[PDB]
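Here is the structure we will look at, set down as structure tokens.
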Amino acid sequence: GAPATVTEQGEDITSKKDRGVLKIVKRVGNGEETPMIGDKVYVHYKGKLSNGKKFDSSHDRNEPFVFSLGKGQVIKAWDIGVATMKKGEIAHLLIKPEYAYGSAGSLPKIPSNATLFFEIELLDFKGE
Ligand SMILES: COc1cc2cc(c1OC)OCCOC/C=C/CCOC(=O)[C@@H]1CCCCN1C(=O)[C@H]2C1CCCCC1
């Protein structure tokens, strides 16, 4: 499935090159700008545990998901991954626990030491 494809084929976008955040661009976006830290970012996403045992989508709530990049509003892997995306891009991310919820997890949704998968569409971003 998509998670295994990212394992095999994704780019390691971590600074440490520890394969903690792997990315495939699935649909190319437009322009040269990518979000800077502080920017207000608008996304649609679908996510799940690598193992399929829980799922989540912006669509569940009927509206884009909006966050400020780098303000600790989302997991580290999103701050790292979404900062690489262009407006209109769709990407897949596979994420090791050290860039998500770690050894503690976040019960009941996220177990300890969980690997996470997301599809993310970058709809728009704007400067603070
Ligand atoms: C650990 O708690 C949750 C995790 C996730 C979704 C949750 C959630 O309950 C608070 O509720 C849906 C509404 O929440 C909005 C974003 C939350 C920030 C925390 O989430 C994140 O930083 C990441 C990136 C942004 C989108 C949501 N995502 C999640 O980790 C998801 C999680 C994805 C894997 C499957 C289960 C849900």
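Each chain in the structure tokens gets a letter, A, B, ..., in the order shown, and its residues are numbered from 1; ligands are numbered from 1 in order too.
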Find the residues around residue 64 in chain A up to 7 Å (only C-alpha atoms counted), leave out those fewer than 3 positions away in its own chain, and share them as an NGL selection string.
-> :A and (42-44 or 58)
Taking only residues of chain A that have an atom at most 9 Å from an atom of ligand 1, what is each one's shortest atom pair and its distance in Å to one decimal, using only C-alpha atoms and all ligand atoms, in chain and number order, as JSON lines?
```
{"residue": "A:45", "atom": "CA", "partner": "ligand 1", "partner_atom_place_in_ligand_line": "26 (C)", "distance": 7.0}
{"residue": "A:46", "atom": "CA", "partner": "ligand 1", "partner_atom_place_in_ligand_line": "33 (C)", "distance": 7.7}
{"residue": "A:47", "atom": "CA", "partner": "ligand 1", "partner_atom_place_in_ligand_line": "33 (C)", "distance": 4.7}
{"residue": "A:48", "atom": "CA", "partner": "ligand 1", "partner_atom_place_in_ligand_line": "35 (C)", "distance": 3.6}
{"residue": "A:49", "atom": "CA", "partner": "ligand 1", "partner_atom_place_in_ligand_line": "35 (C)", "distance": 4.9}
{"residue": "A:50", "atom": "CA", "partner": "ligand 1", "partner_atom_place_in_ligand_line": "34 (C)", "distance": 8.2}
{"residue": "A:52", "atom": "CA", "partner": "ligand 1", "partner_atom_place_in_ligand_line": "35 (C)", "distance": 8.3}
{"residue": "A:53", "atom": "CA", "partner": "ligand 1", "partner_atom_place_in_ligand_line": "35 (C)", "distance": 8.0}
{"residue": "A:54", "atom": "CA", "partner": "ligand 1", "partner_atom_place_in_ligand_line": "35 (C)", "distance": 4.9}
{"residue": "A:55", "atom": "CA", "partner": "ligand 1", "partner_atom_place_in_ligand_line": "35 (C)", "distance": 4.3}
{"residue": "A:56", "atom": "CA", "partner": "ligand 1", "partner_atom_place_in_ligand_line": "37 (C)", "distance": 4.9}
{"residue": "A:57", "atom": "CA", "partner": "ligand 1", "partner_atom_place_in_ligand_line": "12 (C)", "distance": 7.4}
{"residue": "A:58", "atom": "CA", "partner": "ligand 1", "partner_atom_place_in_ligand_line": "12 (C)", "distance": 7.5}
{"residue": "A:60", "atom": "CA", "partner": "ligand 1", "partner_atom_place_in_ligand_line": "12 (C)", "distance": 8.5}
{"residue": "A:61", "atom": "CA", "partner": "ligand 1", "partner_atom_place_in_ligand_line": "13 (C)", "distance": 8.2}
{"residue": "A:65", "atom": "CA", "partner": "ligand 1", "partner_atom_place_in_ligand_line": "15 (C)", "distance": 7.4}
{"residue": "A:67", "atom": "CA", "partner": "ligand 1", "partner_atom_place_in_ligand_line": "25 (C)", "distance": 8.6}
{"residue": "A:72", "atom": "CA", "partner": "ligand 1", "partner_atom_place_in_ligand_line": "22 (O)", "distance": 8.4}
{"residue": "A:73", "atom": "CA", "partner": "ligand 1", "partner_atom_place_in_ligand_line": "18 (C)", "distance": 6.2}
{"residue": "A:74", "atom": "CA", "partner": "ligand 1", "partner_atom_place_in_ligand_line": "22 (O)", "distance": 3.3}
{"residue": "A:75", "atom": "CA", "partner": "ligand 1", "partner_atom_place_in_ligand_line": "22 (O)", "distance": 4.0}
{"residue": "A:76", "atom": "CA", "partner": "ligand 1", "partner_atom_place_in_ligand_line": "22 (O)", "distance": 7.7}
{"residue": "A:77", "atom": "CA", "partner": "ligand 1", "partner_atom_place_in_ligand_line": "24 (C)", "distance": 8.2}
{"residue": "A:78", "atom": "CA", "partner": "ligand 1", "partner_atom_place_in_ligand_line": "24 (C)", "distance": 6.2}
{"residue": "A:100", "atom": "CA", "partner": "ligand 1", "partner_atom_place_in_ligand_line": "30 (O)", "distance": 7.3}
{"residue": "A:101", "atom": "CA", "partner": "ligand 1", "partner_atom_place_in_ligand_line": "1 (C)", "distance": 7.7}
{"residue": "A:105", "atom": "CA", "partner": "ligand 1", "partner_atom_place_in_ligand_line": "1 (C)", "distance": 8.1}
{"residue": "A:106", "atom": "CA", "partner": "ligand 1", "partner_atom_place_in_ligand_line": "1 (C)", "distance": 5.3}
{"residue": "A:107", "atom": "CA", "partner": "ligand 1", "partner_atom_place_in_ligand_line": "1 (C)", "distance": 7.4}
{"residue": "A:108", "atom": "CA", "partner": "ligand 1", "partner_atom_place_in_ligand_line": "1 (C)", "distance": 8.2}
{"residue": "A:109", "atom": "CA", "partner": "ligand 1", "partner_atom_place_in_ligand_line": "36 (C)", "distance": 5.7}
{"residue": "A:110", "atom": "CA", "partner": "ligand 1", "partner_atom_place_in_ligand_line": "1 (C)", "distance": 6.1}
{"residue": "A:115", "atom": "CA", "partner": "ligand 1", "partner_atom_place_in_ligand_line": "34 (C)", "distance": 8.8}
{"residue": "A:116", "atom": "CA", "partner": "ligand 1", "partner_atom_place_in_ligand_line": "34 (C)", "distance": 5.8}
{"residue": "A:117", "atom": "CA", "partner": "ligand 1", "partner_atom_place_in_ligand_line": "34 (C)", "distance": 6.9}
{"residue": "A:118", "atom": "CA", "partner": "ligand 1", "partner_atom_place_in_ligand_line": "33 (C)", "distance": 7.3}
```
Shell around residue 88 in chain A at 6 Å using only C-alpha atoms, local window under 2 positions removed, as an MDAnalysis selection string | chainID A and resid 29 122:123
Using backbone DSSP assignments, extract all strand (DSSP E or B) residues from chain A; output them as an NGL selection string.
-> :A and (11-12 or 21-27 or 30 or 40-49 or 55-57 or 65-68 or 87 or 90-95 or 106 or 110 or 116-126)
Calculate how many Å separate CA of residue 85 in chain A from CA of residue 102 in chain A, rounding to one decimal.
-> 24.3 Å
If we count only C-alpha atoms, what is near residue 23 in chain A at a cut-off of 6 Å, once residues fewer than 2 positions away on the same chain are taken out, given as a list in words?
->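 So the residues in contact are residues 10, 11, 92 and 93 of chain A.
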Which is closest to residue 40 in chain A among A:66, A:97, A:14, A:84, if we use only C-alpha atoms?
->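 Looking only at the distances to residue 40 in chain A, the closest residue turns out to be A:66.
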With a cut-off of 6 Å, could you pull out the residues of range 43-113 of chain A touching range 15-22 of chain A and give me the nearest pair of atoms for each, distance in Å to one decimal, using only C-alpha atoms, ordered by chain and ascending number, as a Markdown table?
```
| residue | atom | partner | partner_atom | distance |
| --- | --- | --- | --- | --- |
| A:93 | CA | A:22 | CA | 5.5 |
| A:94 | CA | A:22 | CA | 5.1 |
| A:95 | CA | A:21 | CA | 4.7 |
| A:96 | CA | A:20 | CA | 4.8 |
```
Selected residues, C-alpha atoms, written as a short mmCIF file (atom, residue, chain, number, x, y, z; two decimals), in the first residue's frame, please.
```cif
data_model
loop_
_atom_site.label_atom_id
_atom_site.label_comp_id
_atom_site.auth_asym_id
_atom_site.auth_seq_id
_atom_site.Cartn_x
_atom_site.Cartn_y
_atom_site.Cartn_z
CA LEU A 93 4.48 11.41 4.34
CA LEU A 94 5.58 8.41 6.43
CA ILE A 95 6.71 9.39 9.88
CA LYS A 96 8.70 7.65 12.64
#
```
Go through A:98, A:89, A:124, A:8 and flag the residue nearest residue 27 in chain A, using only C-alpha atoms for the distances.
->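 Selected residue with least distance to residue 27 in chain A: A:89.
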Apply DSSP to the structure's backbone, then extract all residues of chain A labelled alpha helix (DSSP H) and return them as a PyMOL selection string.
-> chain A and resi 2-9+76-82
If we count only C-alpha atoms, what is near residue 36 in chain A at a cut-off of 12 Å, once residues fewer than 6 positions away on the same chain are taken out, given as a PDB file with C-alpha atoms, in the first residue's frame?
```
ATOM      1  CA  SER A  68       0.589  28.212  11.960  1.00  0.00           C
ATOM      2  CA  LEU A  69       3.746  26.494  10.780  1.00  0.00           C
ATOM      3  CA  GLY A  70       6.305  25.905  13.550  1.00  0.00           C
ATOM      4  CA  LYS A  71       4.112  27.102  16.450  1.00  0.00           C
ATOM      5  CA  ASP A  79       6.320  21.383  10.383  1.00  0.00           C
ATOM      6  CA  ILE A  80       9.199  19.726   8.466  1.00  0.00           C
ATOM      7  CA  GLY A  81       7.063  18.211   5.632  1.00  0.00           C
ATOM      8  CA  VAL A  82       4.563  20.943   4.889  1.00  0.00           C
ATOM      9  CA  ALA A  83       7.436  23.515   4.747  1.00  0.00           C
ATOM     10  CA  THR A  84       8.724  21.526   1.679  1.00  0.00           C
ATOM     11  CA  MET A  85       5.407  21.696  -0.256  1.00  0.00           C
ATOM     12  CA  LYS A  86       4.150  24.103  -2.976  1.00  0.00           C
ATOM     13  CA  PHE A 125      -0.537  29.703   3.026  1.00  0.00           C
ATOM     14  CA  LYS A 126      -0.199  33.339   4.116  1.00  0.00           C
ATOM     15  CA  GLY A 127       2.353  35.338   6.116  1.00  0.00           C
ATOM     16  CA  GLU A 128       1.519  36.216   9.768  1.00  0.00           C
TER      17      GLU A 128
END
```
